[PDB]
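>>> sequence first, structure after, both from an experimental entry:
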Amino acid sequence: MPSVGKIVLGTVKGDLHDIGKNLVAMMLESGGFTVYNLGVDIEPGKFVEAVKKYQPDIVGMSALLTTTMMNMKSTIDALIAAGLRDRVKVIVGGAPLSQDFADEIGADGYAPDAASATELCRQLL
């Protein structure tokens, strides 16, 4: 299937949940996206490395622990420090996530589920 975009996805530092993230990846691939699934417990600097390596259109972060949500902000800060923040759109999700939180940390988008995440990614491109 021709690639309609490139997406780097990971579960954030401190967090080992990936069932939801993996469903998001599967649904994104079904629409033509190239998805680089980094895995879990992904450090801010490893997101930065991935953006340099894969040159994605979008960076997506998943968190299921309330106590790991602020590592999404840490990752955004790392992207800013690396000079990469304007080259990518940042999306966040997970059961404890919300649009209000996405706004608070400076992400470009939030989606409540895998189906809506695919539409969000299409809109962000």
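That came through fine. Residues are numbered from 1 along each chain as shown.
>>> the protein: strands as residue ranges?
6-11, 34-37, 58-62, 89-93, 109-110 (DSSP state E).
>>> save the ones you listed as JSON lines, and put in distance to residue 117 and mean neighbour count too.
To be clear about C-beta, it is placed using only N, CA and C from the backbone, and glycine gets the same treatment. Output for the strands of the chain, formatted as JSON lines (distance: least, CB to CB, whole Å; neighbours: other CB atoms under 10 Å):
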{"stretch": "strand 6-11", "distance to residue 117": "10", "mean neighbour count": "24"}
{"stretch": "strand 34-37", "distance to residue 117": "11", "mean neighbour count": "18"}
{"stretch": "strand 58-62", "distance to residue 117": "8", "mean neighbour count": "28"}
{"stretch": "strand 89-93", "distance to residue 117": "6", "mean neighbour count": "24"}
{"stretch": "strand 109-110", "distance to residue 117": "9", "mean neighbour count": "20"}
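>>> in TSV, list these along with distance to residue 125.
As requested, the strands of the chain are exported to TSV (distance: least, CB to CB, whole Å):
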stretch	distance to residue 125
strand 6-11	10
strand 34-37	12
strand 58-62	7
strand 89-93	8
strand 109-110	11
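>>> out of those, nearest to residue 45?
strand 6-11 (11.8 Å; CB to CB).
>>> and the closest one, what does it pack onto?
helix 19-30, strand 34-37, helix 44-54, strand 58-62 (3 or more CB pairs under 8 Å, 6 or more residues apart in numbering; DSSP states H and E).
>>> sweet, I'm off.
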